[PDB]
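J.: piece number one of the complex, untouched:
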Amino acid sequence: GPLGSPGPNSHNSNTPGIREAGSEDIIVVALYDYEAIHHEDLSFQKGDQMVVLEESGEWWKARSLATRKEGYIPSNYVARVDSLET
């Protein structure tokens, strides 16, 4: 008896978990690489997008949207996806 792959008695397909909206999910990107100079901060890399969660000062709470890490981050290091030149 020759070899072969799996093969169930039925088949189906649909789109995957593709996202929506943006109005209340501040996607920023890191302008530069950062490595928590002082306590309670995220360490991110240049071109890490992050979902900002609080924005009330020069430092913002965010989550690395590539890796689901969280922390405060420097707003000078960073920039809204909606505000890029690309």
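T.: Received, thanks. Residues are numbered from 1 along each chain as shown, chains lettered A, B, ... in the order given.

J.: So which elements touch whichever helix or strand residue A:51 is part of?
T.: Residue A:51 belongs to strand A:49-55 when assigned by DSSP states H and E. Applying 3 or more CB pairs under 8 Å, 6 or more residues apart in numbering; DSSP states H and E, we find strand A:49-55 packed against strand A:26-30, strand A:59-64, strand A:70-74. Where you see a C-beta, it was placed from the backbone N, CA and C, and this is true even at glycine.

J.: what's the angle between the longest one and strand A:70-74?
T.: It refers to strand A:59-64. Put simply, strand A:59-64 runs at 130 degrees to strand A:70-74, going by axes from the mean of the first three to the mean of the last three CA atoms, to 10 degrees.

J.: Please enumerate residues in contact with strand A:59-64?
T.: A:26, A:28, A:41-42, A:44, A:48-54, A:69-75, A:78 (CB atoms under 8 Å, 6 or more residues apart in numbering).

J.: go ahead and place chain B:
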Amino acid sequence: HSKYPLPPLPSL
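T.: Putting chain B together with the chains above:
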């Protein structure tokens, strides 16, 4: 927060 007067930006 405003814990520090921002980090020192890179060499660019």
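
J.: Please re-evaluate the contacts of strand A:59-64 in the presence of chain B.
T.: Residues outside strand A:59-64 that contact it (CB atoms under 8 Å, 6 or more residues apart in numbering or on different chains) are A:26, A:28, A:41-42, A:44, A:48-54, A:69-75, A:78, B:1-4, B:6.

J.: again, only using 10 Å
T.: Applying CB atoms under 10 Å, 6 or more residues apart in numbering or on different chains, the contact partners of strand A:59-64 are A:26-28, A:30, A:40-45, A:48-55, A:69-78, B:1-4, B:6-7.

J.: Same question for stretch A:34-50.
T.: A:26-33, A:59-67, A:69-74, A:77-78, A:81, B:1, B:3-4, B:7-8, B:10.

J.: List the buried residues of it.
T.: Residues A:34, A:41-42, A:44, A:48-50 are the ones in stretch A:34-50 that count as buried (16 or more other CB atoms under 10 Å in any protein chain shown).

J.: same deal with stretch A:6-20?
T.: For stretch A:6-20, burial by neighbour count (16+ other CB under 10 Å) applies to no residue.

J.: Tell me which residues are up against that stretch.
T.: Stretch A:6-20 is contacted by residues residue A:25 when judged by CB under 10 Å, 6+ apart.
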